């Protein structure tokens, strides 16, 4: 079999993969990125295609340009179950042509030196002497099995985790997710008969009956084109998602013409804290494969780019120390946790609370303004539910006569700050990962119990 040697092998060319390749380019390294999909189809996984503007600024990534930007976004409208209360949150963002932008990022990284092979699949992890040292690839372009060696493998295979799942089960980097720590989501993109009111605003509909554990959304991709879909918490016993979709479509999008459908289909999306470690001997995991999705609103394309940034940073460190062990790549964790991980950990706890609320809990909480329209912005910008804000909210649900889960919002706010306290104190060395993880597990075990 043919053999090749590279410094870095990036498996998967999604938002996470292309972010790693872009950031690692022009640094004196020999890089190979692969993706099973053909070039023109790379990055077309079922998505809402809605990404925050703040993400692009931070990392110094290319702004959506021209055809890549389908519709400019200025904010979000959060509708209550009975729809008697509409929260308008001002937050700038983009509704983009996801495959078109993704391929541009790849096209540029290719110009900056990175090599990209489409129609190529990582089939077997090369794992010898206790290290990930590359992979066996199948290039369907030339029907050839090639063996690629690398000092560091970047796992960016998405929610499938098709590569790292084939690693031995004692590696912390093969951590699996529980069914209930993920949501199945489905979406379609159709044209509307009439225009779209406030088309520069995203619409999110909370409703535990029409989308239990998640929500419905109405994302305008233009003047007369809309990305409508929903998400539901998995591992609960809920019926097929396309049954929820078919039953309640007209309720959230009656203006669409069902004959002008462009794309459909759905996929899995994780709604939890990131992998306890995203780095191990000779391997870094990023994107959906490392559970980098926001547990509350389910956005994952912004925080995927962050994981890719932190991956380049960690790898450049490892090569400067010739150390590709977990310890040598460990800065991947310290970086991502400070950037988005600690925020996720706190929101993981908050998600567990929000998913358990009745429609009456949300109808009451929103109508009575249990929190500001700007404090919901802060609670998911920094992932913090301030002890002073919970107190202002707790004295509003005091005027509630019926029993509710709302009365535990204070204890939830304390548990959120507690687990974020832990993630700020992330292990300095891999020697502490085990001890620190079980403590995190204890925090979640206790909190899960406190909701009952």
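Positions refer to the first chain, counted from 1.
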| item | value |
| --- | --- |
| 244 to 252 versus 192 to 200 - which carries the larger mean C-alpha B factor in the record | 192 to 200 |
| 427 to 435 or 9 to 17, whichever carries the higher mean Cα B-factor | 427 to 435 |
| Among 273, 112, 180, 133 - the residue whose C-alpha B-factor is largest in the record | 112 |
| From 355, 174, 303, 147, residue of greatest CA B-factor | 147 |
| Third assignment of residue 328 from its chain's C-alpha B-factors | lowest |
| Ranked against its chain, the third holding the CA B-factor of residue 313 | middle |
| Within-chain third of residue 405 by Cα B-factor, per the entry | middle |
| Ranked C-alpha temperature factor of residue 141 among modelled chain residues, by third | highest |
| Residue 373 - which third its CA temperature factor falls in, relative to the rest of the chain | highest |
